[PDB]
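In the form deposited in one PDB entry, a lone chain appears below as structure tokens.
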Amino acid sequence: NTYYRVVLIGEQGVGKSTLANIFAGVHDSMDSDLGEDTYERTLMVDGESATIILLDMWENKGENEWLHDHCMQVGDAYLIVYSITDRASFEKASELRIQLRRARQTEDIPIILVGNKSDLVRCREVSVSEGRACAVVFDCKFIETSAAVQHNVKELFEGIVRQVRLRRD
């Protein structure tokens, strides 16, 4: 089907739920078109409609299943989120990315490293240029977002759709 399934991973506190909720928006209850930690919404990209399923399950079992079961949730793209104001979370993200590489199934799947909370300039602990450096060295795409100020949130999800489309030929 024409669904774009995006899996959100990263340390607790980095803003995965906020970013999902901010991209999802508040939905019109009359829309007939999905339970635990799941966001679904259509979005027009480059002229063609895309149905994005966002899976935010890492805190409820996703992380433990990675550790104990050695299994990652199936997606068309993975979003590895850290907070620009938290260096430990950034190192987790890099660790997660390296570990994901070893799921050889994910070879031709878009992985995006996301530095969230770019609105917190004064608390910044990770530079833009080292987020980028990590992306280049560990073979990701890279973006900085703010879910609070809603910066690069649409651009993130349009970019995921274009990458996923580039794959399917």
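From 1 onward, residues are counted along the sequence shown. Only residues modelled in both forms are compared. In this text, the rigid core denotes the largest set of C-alpha atoms whose superposition between the two forms falls within 1.5 Å.
In what follows, reference is made to the form deposited in another entry, a form of this protein that is not presented.
Q: Using a superposition on the rigid core, decide whether the Cα position of residue 104 changes by 2 angstroms or more between this form and the one not shown.
A: Passes the 2 Å threshold, so yes.
Q: If I superpose the two forms on their rigid core, does the C-alpha of residue 69 end up displaced by 2 Å or more between this form and the one not shown?
A: After core superposition, the C-alpha of residue 69 moves 2 Å or more between this form and the one not shown.
Q: Would you mind telling me if residue 157 and residue 106 are closer or farther apart in the other form than in the shown form, C-alpha to C-alpha, with a 3 Å or larger change?
A: Residue 157 and residue 106 sit farther apart in the other form.
Q: Check residue 40 against residue 69 at the C-alpha atoms and report closer or farther in the other form, compared with the shown form; the change is 3 Å or more.
A: Result: closer.
Q: Do any runs of 3 or more residues shift their CA by 2 Å or more between this form and the one not shown on a core fit, and if so, which ones, in sequence order?
A: Runs with every C-alpha shifted by at least 2 Å: 31-33, 64-71, 103-107.
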